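**Student:**
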Amino acid sequence: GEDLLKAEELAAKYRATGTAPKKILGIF
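Using the entry's author numbering, read the sequence shown as starting at 171 and increasing by one per residue.
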């Protein structure tokens, strides 16, 4: 499943932000 890869990606990205919903915070 590539949604698991996406889950890795989001884990690579969002955790890079520090907190997933703060994906908008990075934009703030």
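Where is the CB? At the ideal position from N, CA and C, for every residue including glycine.
1) Where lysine 193 and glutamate 179 are concerned, what is the direct C-alpha to C-alpha distance, given to the nearest angstrom?
2) Who are the Cβ neighbours of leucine 174 in its own chain at under 7 Å, not counting the five residues just before and after it?
3) If you run the structure through DSSP and keep just helix, strand and coil, what is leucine 195?
4) Are the CB atoms of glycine 196 and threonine 189 within a distance shorter than 7 Å?
**Tutor:** If we stick to the structure as given:
1) As a working mapping, residue 193 is identified with position 23 in the sequence shown. As a working mapping, residue 179 is identified with position 9 in the sequence shown. Cα to Cα, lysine 193 sits roughly 13 Å from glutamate 179.
2) Start at 1 with the first residue of the sequence shown, and residue 174 comes out as number 4. So the list is empty, once near-sequence residues are dropped.
3) Position 25 of the sequence shown, counted from the first residue, corresponds to residue 195. It is coil, neither helix nor strand.
4) Within the sequence shown, numbered from 1, the residue matching residue 189 stands at position 19. Within the sequence shown, numbered from 1, the residue matching residue 196 stands at position 26. No; because the gap between Cβ atoms is not below 7 Å, this pair is not in contact.
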